[PDB]
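Participant: Sharing run-v7.csv, CSV, N, CA and C atoms:
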```csv
chain,number,residue,atom,x,y,z
O,1,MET,N,143.9,135.3,84.8
O,1,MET,CA,143.8,134.2,83.9
O,1,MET,C,143.0,133.1,84.6
O,2,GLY,N,141.8,132.8,84.0
O,2,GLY,CA,140.9,131.8,84.6
O,2,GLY,C,139.5,131.9,83.9
O,3,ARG,N,138.5,131.4,84.6
O,3,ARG,CA,137.1,131.4,84.2
O,3,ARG,C,136.5,132.8,84.1
O,4,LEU,N,135.5,133.0,83.2
O,4,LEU,CA,134.7,134.2,83.2
O,4,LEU,C,133.2,133.7,83.4
O,5,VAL,N,132.6,134.1,84.6
O,5,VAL,CA,131.2,133.8,84.9
O,5,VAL,C,130.4,135.1,84.7
O,6,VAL,N,129.4,134.9,83.8
O,6,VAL,CA,128.4,136.0,83.5
O,6,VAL,C,127.2,135.7,84.3
O,7,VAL,N,126.9,136.6,85.3
O,7,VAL,CA,125.8,136.5,86.2
O,7,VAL,C,124.7,137.4,85.7
O,8,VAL,N,123.5,136.9,85.5
O,8,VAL,CA,122.3,137.6,85.0
O,8,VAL,C,121.2,137.5,86.1
O,9,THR,N,120.2,138.4,86.1
O,9,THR,CA,119.1,138.3,87.0
O,9,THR,C,117.8,137.8,86.2
O,10,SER,N,117.9,137.6,84.9
O,10,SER,CA,116.8,137.2,84.1
O,10,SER,C,117.1,136.1,83.1
O,11,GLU,N,116.2,135.2,82.9
O,11,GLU,CA,116.3,134.0,82.0
O,11,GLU,C,116.5,134.5,80.6
O,12,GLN,N,115.8,135.6,80.2
O,12,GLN,CA,115.9,136.2,78.9
O,12,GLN,C,117.4,136.6,78.6
O,13,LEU,N,118.1,137.2,79.6
O,13,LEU,CA,119.5,137.6,79.5
O,13,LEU,C,120.4,136.4,79.5
O,14,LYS,N,120.1,135.3,80.2
O,14,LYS,CA,120.9,134.1,80.3
O,14,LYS,C,121.0,133.4,79.0
O,15,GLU,N,119.8,133.1,78.4
O,15,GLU,CA,119.7,132.3,77.1
O,15,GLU,C,120.3,133.1,75.9
O,16,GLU,N,120.3,134.5,76.1
O,16,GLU,CA,120.9,135.4,75.1
O,16,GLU,C,122.5,135.2,75.1
O,17,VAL,N,123.1,135.4,76.3
O,17,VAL,CA,124.6,135.3,76.5
O,17,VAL,C,125.1,133.9,76.1
O,18,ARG,N,124.3,132.9,76.5
O,18,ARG,CA,124.7,131.5,76.3
O,18,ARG,C,124.7,131.1,74.8
O,19,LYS,N,123.8,131.8,74.0
O,19,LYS,CA,123.6,131.6,72.6
O,19,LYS,C,124.8,132.3,71.8
O,20,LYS,N,125.0,133.6,72.2
O,20,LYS,CA,126.0,134.4,71.6
O,20,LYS,C,127.4,133.9,71.9
O,21,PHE,N,127.6,133.4,73.2
O,21,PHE,CA,128.9,132.9,73.7
O,21,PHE,C,128.7,131.6,74.4
O,22,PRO,N,128.9,130.4,73.7
O,22,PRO,CA,129.0,129.1,74.4
O,22,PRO,C,130.3,128.9,75.1
O,23,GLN,N,131.2,129.9,74.9
O,23,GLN,CA,132.6,129.8,75.4
O,23,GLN,C,132.7,130.4,76.9
O,24,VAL,N,131.6,130.9,77.4
O,24,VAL,CA,131.5,131.4,78.8
O,24,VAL,C,130.4,130.6,79.6
O,25,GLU,N,130.5,130.6,80.9
O,25,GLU,CA,129.5,130.0,81.8
O,25,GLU,C,128.6,131.1,82.4
O,26,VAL,N,127.3,130.9,82.5
O,26,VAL,CA,126.3,131.9,83.0
O,26,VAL,C,125.6,131.4,84.2
O,27,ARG,N,125.4,132.2,85.2
O,27,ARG,CA,124.6,132.0,86.5
O,27,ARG,C,123.4,132.8,86.5
O,28,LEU,N,122.2,132.2,86.8
O,28,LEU,CA,120.9,132.9,86.9
O,28,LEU,C,120.6,133.2,88.4
O,29,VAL,N,120.2,134.4,88.7
O,29,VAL,CA,119.8,134.9,90.0
O,29,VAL,C,118.4,135.4,90.0
O,30,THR,N,117.5,134.6,90.5
O,30,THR,CA,116.0,135.0,90.6
O,30,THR,C,115.7,135.6,92.0
O,31,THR,N,116.4,135.1,93.0
O,31,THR,CA,116.4,135.6,94.4
O,31,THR,C,117.9,135.8,94.8
O,32,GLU,N,118.0,136.5,96.0
O,32,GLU,CA,119.4,136.7,96.6
O,32,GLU,C,120.0,135.4,97.0
O,33,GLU,N,119.2,134.3,97.3
O,33,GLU,CA,119.7,133.0,97.6
O,33,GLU,C,120.6,132.4,96.5
O,34,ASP,N,120.2,132.8,95.2
O,34,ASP,CA,121.0,132.4,94.0
O,34,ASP,C,122.3,133.3,93.9
O,35,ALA,N,122.2,134.5,94.4
O,35,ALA,CA,123.3,135.5,94.4
O,35,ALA,C,124.4,135.0,95.4
O,36,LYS,N,123.9,134.3,96.5
O,36,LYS,CA,124.7,133.7,97.5
O,36,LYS,C,125.4,132.5,97.0
O,37,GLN,N,124.6,131.7,96.2
O,37,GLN,CA,125.1,130.5,95.4
O,37,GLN,C,126.2,131.0,94.4
O,38,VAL,N,126.1,132.2,93.9
O,38,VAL,CA,127.1,132.8,93.0
O,38,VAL,C,128.4,133.1,93.8
O,39,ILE,N,128.3,133.8,95.0
O,39,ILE,CA,129.4,134.1,95.9
O,39,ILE,C,130.3,132.9,96.2
O,40,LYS,N,129.6,131.7,96.4
O,40,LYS,CA,130.3,130.4,96.6
O,40,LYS,C,130.9,129.9,95.3
O,41,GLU,N,130.0,129.9,94.2
O,41,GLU,CA,130.4,129.4,92.9
O,41,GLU,C,131.7,129.9,92.4
O,42,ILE,N,131.8,131.2,92.5
O,42,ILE,CA,133.0,132.0,92.1
O,42,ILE,C,134.3,131.4,92.8
O,43,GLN,N,134.3,131.4,94.1
O,43,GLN,CA,135.4,131.0,95.0
O,43,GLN,C,135.8,129.5,94.8
O,44,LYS,N,134.8,128.7,94.6
O,44,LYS,CA,135.0,127.2,94.4
O,44,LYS,C,135.6,126.9,93.0
O,45,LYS,N,135.2,127.7,92.0
O,45,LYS,CA,135.7,127.6,90.6
O,45,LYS,C,137.0,128.4,90.5
O,46,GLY,N,137.3,129.3,91.4
O,46,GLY,CA,138.5,130.1,91.4
O,46,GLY,C,138.4,131.2,90.3
O,47,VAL,N,137.2,131.9,90.2
O,47,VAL,CA,136.9,132.9,89.2
O,47,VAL,C,137.4,134.3,89.7
O,48,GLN,N,138.3,134.9,89.0
O,48,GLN,CA,138.8,136.2,89.3
O,48,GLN,C,138.0,137.3,88.6
O,49,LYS,N,137.4,137.0,87.4
O,49,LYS,CA,136.6,137.9,86.6
O,49,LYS,C,135.2,137.5,86.5
O,50,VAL,N,134.3,138.3,87.1
O,50,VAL,CA,132.9,138.0,87.2
O,50,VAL,C,132.1,139.2,86.7
O,51,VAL,N,131.2,138.9,85.7
O,51,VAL,CA,130.3,139.9,85.1
O,51,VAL,C,129.0,139.9,85.9
O,52,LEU,N,128.5,141.1,86.2
O,52,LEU,CA,127.2,141.3,86.8
O,52,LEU,C,126.3,142.1,85.9
O,53,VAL,N,125.5,141.4,85.1
O,53,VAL,CA,124.6,142.0,84.1
O,53,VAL,C,123.2,142.3,84.7
O,54,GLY,N,122.8,143.6,84.7
O,54,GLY,CA,121.5,144.0,85.1
O,54,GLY,C,121.1,143.6,86.6
O,55,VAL,N,122.1,143.6,87.5
O,55,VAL,CA,121.9,143.3,88.9
O,55,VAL,C,121.5,144.5,89.7
O,56,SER,N,121.1,144.3,90.9
O,56,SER,CA,120.8,145.3,91.9
O,56,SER,C,122.2,145.8,92.5
O,57,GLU,N,122.2,147.1,92.9
O,57,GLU,CA,123.5,147.7,93.4
O,57,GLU,C,123.9,147.1,94.8
O,58,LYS,N,122.8,146.7,95.6
O,58,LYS,CA,123.0,146.0,96.9
O,58,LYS,C,123.7,144.6,96.6
O,59,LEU,N,123.3,144.0,95.6
O,59,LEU,CA,123.9,142.6,95.2
O,59,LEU,C,125.2,142.8,94.5
O,60,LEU,N,125.4,143.9,93.8
O,60,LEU,CA,126.7,144.3,93.1
O,60,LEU,C,127.8,144.3,94.1
O,61,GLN,N,127.7,145.2,95.1
O,61,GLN,CA,128.7,145.5,96.1
O,61,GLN,C,128.9,144.3,97.0
O,62,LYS,N,127.8,143.5,97.2
O,62,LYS,CA,127.8,142.4,98.1
O,62,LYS,C,128.6,141.2,97.5
O,63,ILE,N,128.4,140.8,96.3
O,63,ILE,CA,129.1,139.8,95.5
O,63,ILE,C,130.6,140.3,95.4
O,64,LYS,N,130.8,141.6,95.1
O,64,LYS,CA,132.1,142.2,95.0
O,64,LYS,C,133.0,142.0,96.3
O,65,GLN,N,132.5,142.5,97.4
O,65,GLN,CA,133.2,142.5,98.7
O,65,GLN,C,133.4,141.1,99.3
O,66,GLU,N,132.3,140.3,99.3
O,66,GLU,CA,132.3,139.0,100.0
O,66,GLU,C,133.1,137.9,99.2
O,67,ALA,N,133.0,137.9,97.8
O,67,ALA,CA,133.7,137.0,97.0
O,67,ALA,C,135.2,137.4,96.7
O,68,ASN,N,135.4,138.8,96.9
O,68,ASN,CA,136.7,139.4,96.7
O,68,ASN,C,137.2,139.2,95.3
O,69,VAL,N,136.5,139.7,94.3
O,69,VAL,CA,136.8,139.4,92.9
O,69,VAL,C,136.5,140.7,92.0
O,70,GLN,N,137.0,140.7,90.8
O,70,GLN,CA,136.8,141.8,89.8
O,70,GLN,C,135.4,141.7,89.2
O,71,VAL,N,134.6,142.7,89.5
O,71,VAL,CA,133.2,142.8,89.0
O,71,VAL,C,133.1,143.7,87.8
O,72,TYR,N,132.5,143.2,86.7
O,72,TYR,CA,132.2,143.9,85.5
O,72,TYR,C,130.7,144.2,85.4
O,73,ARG,N,130.4,145.5,85.8
O,73,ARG,CA,129.0,145.9,85.9
O,73,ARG,C,128.5,146.2,84.5
O,74,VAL,N,127.6,145.3,83.9
O,74,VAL,CA,127.1,145.4,82.6
O,74,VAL,C,125.6,145.8,82.6
O,75,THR,N,125.3,146.9,81.8
O,75,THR,CA,123.9,147.4,81.6
O,75,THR,C,123.5,147.3,80.1
O,76,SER,N,124.4,147.0,79.2
O,76,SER,CA,124.1,146.8,77.7
O,76,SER,C,124.8,145.6,77.2
O,77,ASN,N,124.2,144.9,76.2
O,77,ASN,CA,124.8,143.7,75.5
O,77,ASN,C,126.3,143.9,75.1
O,78,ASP,N,126.5,145.1,74.5
O,78,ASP,CA,127.9,145.4,74.0
O,78,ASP,C,129.0,145.4,75.0
O,79,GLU,N,128.6,145.7,76.3
O,79,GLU,CA,129.6,145.8,77.4
O,79,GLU,C,130.0,144.3,77.7
O,80,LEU,N,129.0,143.4,77.9
O,80,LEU,CA,129.2,142.0,78.1
O,80,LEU,C,130.1,141.4,77.0
O,81,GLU,N,129.8,141.8,75.7
O,81,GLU,CA,130.4,141.3,74.5
O,81,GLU,C,131.9,141.6,74.6
O,82,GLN,N,132.3,142.8,75.1
O,82,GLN,CA,133.7,143.2,75.2
O,82,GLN,C,134.5,142.5,76.3
O,83,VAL,N,133.7,142.2,77.4
O,83,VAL,CA,134.3,141.5,78.6
O,83,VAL,C,134.6,140.1,78.3
O,84,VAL,N,133.8,139.4,77.4
O,84,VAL,CA,134.0,138.1,76.9
O,84,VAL,C,135.3,138.0,76.1
O,85,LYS,N,135.4,139.0,75.2
O,85,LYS,CA,136.6,139.0,74.3
O,85,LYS,C,137.9,139.3,75.0
O,86,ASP,N,137.8,140.0,76.2
O,86,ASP,CA,138.9,140.2,77.1
O,86,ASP,C,139.6,138.9,77.6
O,87,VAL,N,138.8,137.9,77.9
O,87,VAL,CA,139.2,136.6,78.4
O,87,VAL,C,139.5,135.7,77.2
O,88,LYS,N,138.7,135.8,76.1
O,88,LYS,CA,138.7,135.0,74.9
O,88,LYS,C,139.4,135.8,73.8
O,89,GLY,N,140.8,135.7,73.7
O,89,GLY,CA,141.6,136.5,72.7
O,89,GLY,C,141.2,136.1,71.3
O,90,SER,N,141.2,134.8,71.1
O,90,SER,CA,140.7,134.2,69.8
O,90,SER,C,139.1,134.1,69.9
O,91,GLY,N,138.4,135.2,69.6
O,91,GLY,CA,137.0,135.2,69.7
O,91,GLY,C,136.3,134.5,68.5
O,92,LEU,N,135.2,133.8,68.8
O,92,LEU,CA,134.5,132.9,67.8
O,92,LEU,C,133.3,133.6,67.2
O,93,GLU,N,133.2,134.9,67.4
O,93,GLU,CA,132.0,135.8,67.1
O,93,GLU,C,132.5,137.1,66.4
O,94,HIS,N,131.5,138.0,66.2
O,94,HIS,CA,131.7,139.4,65.7
O,94,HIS,C,130.8,140.3,66.5
O,95,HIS,N,131.4,141.1,67.4
O,95,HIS,CA,130.7,142.2,68.2
O,95,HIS,C,130.2,143.3,67.2
O,96,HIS,N,128.9,143.6,67.3
O,96,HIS,CA,128.2,144.6,66.5
O,96,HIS,C,128.6,146.0,66.9
O,97,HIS,N,129.0,146.9,65.9
O,97,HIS,CA,129.3,148.3,66.1
O,97,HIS,C,128.1,149.2,66.0
O,98,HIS,N,128.0,150.2,67.0
O,98,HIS,CA,127.0,151.2,67.1
O,98,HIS,C,127.5,152.6,66.8
O,99,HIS,N,126.7,153.5,66.4
O,99,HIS,CA,127.0,154.9,66.1
O,99,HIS,C,125.9,155.9,66.4
```
Translate this structure into structure tokens?
Facilitator:
Amino acid sequence: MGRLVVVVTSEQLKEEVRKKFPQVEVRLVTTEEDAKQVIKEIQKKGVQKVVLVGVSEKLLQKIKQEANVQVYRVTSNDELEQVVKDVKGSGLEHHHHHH
């Protein structure tokens, strides 16, 4: 029970998630220096649930172990969409269904 931080490696992914979900906070990682700023950001905000969208595996396991938090490894929009609804019971959107 707390904040959901969506961490992205690309501005295109950031502005996407922020438009779809103004109800979550998003961190941009262009270099590992920003990923370190994420490790700090998490602990200072007290974030238990942290999404890692399109990140490197070295950065995945690194943020995981050092921040000591639940990592949601996202490779598709739909995955992120479900993780947001996990924290946000009363969702303000409609997740698109695929087949």
Participant: Rank nothing, just name the residue among O:54, O:48, O:19, O:61 nearest to residue 7 (chain O), using only C-alpha atoms.
Facilitator: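 Between O:54, O:48, O:19, O:61, the residue approaching residue 7 (chain O) most closely is O:54.
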Participant: Skipping near chain neighbours, those fewer than 5 positions away, what residues fall within 8 Å of residue 29 (chain O) using only C-alpha atoms, listed as a PyMOL selection string?
Facilitator: chain O and resi 7-10+34-35
Participant: Keeping only N, CA and C atoms, take the residues you just selected and write them out as a short mmCIF file (atom, residue, chain, number, x, y, z; two decimals), in the coordinates of the input.
Facilitator:
```cif
data_model
loop_
_atom_site.label_atom_id
_atom_site.label_comp_id
_atom_site.auth_asym_id
_atom_site.auth_seq_id
_atom_site.Cartn_x
_atom_site.Cartn_y
_atom_site.Cartn_z
N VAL O 7 126.90 136.60 85.30
CA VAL O 7 125.80 136.50 86.20
C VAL O 7 124.70 137.40 85.70
N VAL O 8 123.50 136.90 85.50
CA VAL O 8 122.30 137.60 85.00
C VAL O 8 121.20 137.50 86.10
N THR O 9 120.20 138.40 86.10
CA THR O 9 119.10 138.30 87.00
C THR O 9 117.80 137.80 86.20
N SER O 10 117.90 137.60 84.90
CA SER O 10 116.80 137.20 84.10
C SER O 10 117.10 136.10 83.10
N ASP O 34 120.20 132.80 95.20
CA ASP O 34 121.00 132.40 94.00
C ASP O 34 122.30 133.30 93.90
N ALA O 35 122.20 134.50 94.40
CA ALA O 35 123.30 135.50 94.40
C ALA O 35 124.40 135.00 95.40
#
```
Participant: For a test of reading the model, state the distance in Å between atom C of residue 70 (chain O) and atom C of residue 49 (chain O), rounded to one decimal.
Facilitator: 5.0 Å
Participant: Between CA of residue 76 (chain O) and CA of residue 24 (chain O), what is the distance, to one decimal in Å?
Facilitator: 17.1 Å
Participant: To one decimal place in Å, what is the distance between CA of residue 51 (chain O) and atom N of residue 73 (chain O)?
Facilitator: 5.6 Å
Participant: Excluding same-chain residues fewer than 3 positions from region 43-46 of chain O, what lies within 8 Å of it counting only C-alpha atoms, as a list in words?
Facilitator: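 In the requested format, the answer is residues 2, 3, 39, 40 and 67 of chain O.
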Participant: Out of O:74, O:87, O:6, O:60, which residue has the shortest atom-to-atom distance to residue 26 (chain O) when counting only C-alpha atoms?
Facilitator: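 Of the candidates, the smallest distance to residue 26 (chain O) is held by O:6.
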Participant: May I have all residues of region 30-97 of chain O that DSSP, computed from the backbone, assigns to strand (DSSP E), given as a list in words?
Facilitator: residues 49, 50, 51, 52, 53, 70, 71, 72, 73 and 74 of chain O
Participant: Which one of O:42, O:68, O:53, O:4 sits closest to residue 23 (chain O) if you count only N, CA and C atoms?
Facilitator: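 For residue 23 (chain O), the nearest of the candidates is O:4.
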Participant: I want to know what sits within 8 Å of residue 11 (chain O), based on all atoms listed in the file, with residues of the same chain fewer than 3 positions away left out; could you give that as a list in words?
Facilitator: residues 8, 14, 15, 16, 17, 28, 29 and 30 of chain O
Participant: Would you mind listing what lies within 9 Å of residue 81 (chain O) as an mmCIF file with N, CA and C atoms, in the frame of the given file, with only C-alpha atoms counted and same-chain residues fewer than 2 positions away left out?
Facilitator:
```
data_model
loop_
_atom_site.group_PDB
_atom_site.id
_atom_site.type_symbol
_atom_site.label_atom_id
_atom_site.label_comp_id
_atom_site.auth_asym_id
_atom_site.auth_seq_id
_atom_site.Cartn_x
_atom_site.Cartn_y
_atom_site.Cartn_z
ATOM 1 N N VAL O 17 123.100 135.400 76.300
ATOM 2 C CA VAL O 17 124.600 135.300 76.500
ATOM 3 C C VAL O 17 125.100 133.900 76.100
ATOM 4 N N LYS O 20 125.000 133.600 72.200
ATOM 5 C CA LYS O 20 126.000 134.400 71.600
ATOM 6 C C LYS O 20 127.400 133.900 71.900
ATOM 7 N N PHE O 21 127.600 133.400 73.200
ATOM 8 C CA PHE O 21 128.900 132.900 73.700
ATOM 9 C C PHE O 21 128.700 131.600 74.400
ATOM 10 N N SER O 76 124.400 147.000 79.200
ATOM 11 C CA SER O 76 124.100 146.800 77.700
ATOM 12 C C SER O 76 124.800 145.600 77.200
ATOM 13 N N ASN O 77 124.200 144.900 76.200
ATOM 14 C CA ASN O 77 124.800 143.700 75.500
ATOM 15 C C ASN O 77 126.300 143.900 75.100
ATOM 16 N N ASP O 78 126.500 145.100 74.500
ATOM 17 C CA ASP O 78 127.900 145.400 74.000
ATOM 18 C C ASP O 78 129.000 145.400 75.000
ATOM 19 N N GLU O 79 128.600 145.700 76.300
ATOM 20 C CA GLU O 79 129.600 145.800 77.400
ATOM 21 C C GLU O 79 130.000 144.300 77.700
ATOM 22 N N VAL O 83 133.700 142.200 77.400
ATOM 23 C CA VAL O 83 134.300 141.500 78.600
ATOM 24 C C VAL O 83 134.600 140.100 78.300
ATOM 25 N N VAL O 84 133.800 139.400 77.400
ATOM 26 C CA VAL O 84 134.000 138.100 76.900
ATOM 27 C C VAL O 84 135.300 138.000 76.100
ATOM 28 N N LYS O 85 135.400 139.000 75.200
ATOM 29 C CA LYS O 85 136.600 139.000 74.300
ATOM 30 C C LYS O 85 137.900 139.300 75.000
ATOM 31 N N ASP O 86 137.800 140.000 76.200
ATOM 32 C CA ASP O 86 138.900 140.200 77.100
ATOM 33 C C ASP O 86 139.600 138.900 77.600
ATOM 34 N N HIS O 95 131.400 141.100 67.400
ATOM 35 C CA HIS O 95 130.700 142.200 68.200
ATOM 36 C C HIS O 95 130.200 143.300 67.200
ATOM 37 N N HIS O 96 128.900 143.600 67.300
ATOM 38 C CA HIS O 96 128.200 144.600 66.500
ATOM 39 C C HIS O 96 128.600 146.000 66.900
#
```
Participant: Between O:80, O:32, O:91, O:38, single out the one closest to residue 58 (chain O), counting only C-alpha atoms.
Facilitator: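 Checking each candidate against residue 58 (chain O), we get O:32 as the closest.
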Participant: Step one, run DSSP on the backbone; step two, keep only residues of chain O assigned to helix (DSSP H, G or I); then write them as an NGL selection string.
Facilitator: :O and (11-20 or 32-45 or 57-67 or 77-87)
Participant: Here is a test: counting only C-alpha atoms, which residue of O:47, O:82, O:25, O:36 is nearest to residue 66 (chain O)?
Facilitator: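 For residue 66 (chain O), the nearest of the given residues is O:36.
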